[PDB]
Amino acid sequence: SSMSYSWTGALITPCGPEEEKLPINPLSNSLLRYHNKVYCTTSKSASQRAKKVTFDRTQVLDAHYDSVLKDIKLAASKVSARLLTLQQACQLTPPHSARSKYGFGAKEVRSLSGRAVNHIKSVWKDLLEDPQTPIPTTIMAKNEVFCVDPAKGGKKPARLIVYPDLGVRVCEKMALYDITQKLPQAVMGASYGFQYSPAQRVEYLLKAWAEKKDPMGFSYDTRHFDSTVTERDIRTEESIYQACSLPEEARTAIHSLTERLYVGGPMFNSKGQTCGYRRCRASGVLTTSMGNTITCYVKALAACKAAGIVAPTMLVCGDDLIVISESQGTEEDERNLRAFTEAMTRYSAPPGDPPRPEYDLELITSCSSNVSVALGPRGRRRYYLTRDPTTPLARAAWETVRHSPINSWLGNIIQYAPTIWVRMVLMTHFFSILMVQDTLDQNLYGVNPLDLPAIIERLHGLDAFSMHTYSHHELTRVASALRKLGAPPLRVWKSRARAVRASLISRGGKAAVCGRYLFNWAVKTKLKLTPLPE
């Protein structure tokens, strides 16, 4: 029946001017050569994104869906949740959050300026007194960096972000925040993926894998999941929120926000014109993440039941899931995934790329990452998390007047410290750069480079400094991504690392600790590394 969007025809305009690369990239031109492949998505491409996300939805539910939906509500009723004092909600606003149309921004909100507090009270009044008038939203194209990919189109068109004014964002938090903190875990138990750390997510996947007699795994993602959300899904989302114990005042707000904001509304471009109308998920709302995850979980568990997946063990993070189950032979397994995918499609959550059963944990990707294995110091298998380095390397080379990528290097160094690509490429380059700038003591996004060894031990285990014998997949992929971006091959990084290492040792202090721990892989005479006080 219903259509995800409708368009006035007005353009999707830019928040401000969009930054462009320069003829020299001083920080990254030693990292990689092919800067022509590094691009940032712009509003210029917004029109194309709109076409791909505008389409007719038809949903057909069934006993399996209904049964799951029932069970989820008997779980939701164990949750009691409170309102948030207008003030408490203001304090959860992020520092640089986009300012309101009504002459105040986040400085004012977080500091509880009177004008801001007053407007907000007024907006929350209106939610209580009017449960129908659509709330207007702004639509913008997100600016994100990527490496080109001819196999999949050349250059991706920009994601569309749709969000209400700042006043409404706070009110949302008042009504819903406590719920967002309690509901998912109460509904999905151990299947709620955002609860876990990267290490726990690995322990969990392995425990699941291990406890089957004959494991079969797969992953599923939905194509433009936000468009696939039906008006009805969003209302079913409401009724799940209401299953909790709630202040009467919340209920009225939840319902008002549902009917006015969440199921749809008009859209205005940054220059002010009417741009279109919306009958699906808005990316910009508080319930976007919770809602996606619950809704995906409902459909997925229903589909599991439609398709006969035996003994499923799930993991859901938004529209991304992994099911680990007992194989029924490859013949039946292939049949059931086909079924799973039909069921999901009938529920209006069709796949980007249809899924496939797999029988090796390394071959299951989800959230653009996967589990792999290498050998540890004493020769035991050590399982860990990694990904295609293509994007991180591309983002590593995004240098603009306004933007430096050094923060991104560090972010990826920490998150992925056991990965061969971090250890040989990013680390070498990061430390090489700061040594020459002579800025190791300096703080990057409130982290001290010289704390890395400690930081990494806390997070990844001392094994992170001594791992070796990486998988064929991981070696092939790293090699292939450095070749793709015109970076030196690993052998060259081996050389650079030795040099960096020696230089770091020269300086003594914490610098030499970094030199010895982070770069021990690079030497012939590997020094025995023990735990670190810090």
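We number the residues from 1 along the sequence you see.
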| property | result |
| --- | --- |
| Stretch with the greater mean C-alpha B-factor as recorded in the entry, comparing 389-397 against 236-244 | 236-244 |
| Residue stretch of maximal mean CA temperature factor, 149-157 vs 102-110 | 149-157 |
| Residue of maximum C-alpha B factor among 96, 423, 429, 169, per deposited coordinates | 96 |
| Candidate residues 457, 165, 362, 203, the one whose C-alpha B factor the record puts highest | 457 |
| Third of the chain's Cα B-factor distribution that residue 411 belongs to, per the entry | lowest |
| For residue 62, the third of its chain into which the C-alpha B factor falls | middle |
| Within-chain third of residue 263 by Cα B-factor, per the entry | middle |
| Among modelled residues of the same chain, the CA temperature factor third for residue 507 | highest |
| Third of the chain, ranked by Cα B-factor, where residue 214 sits | middle |
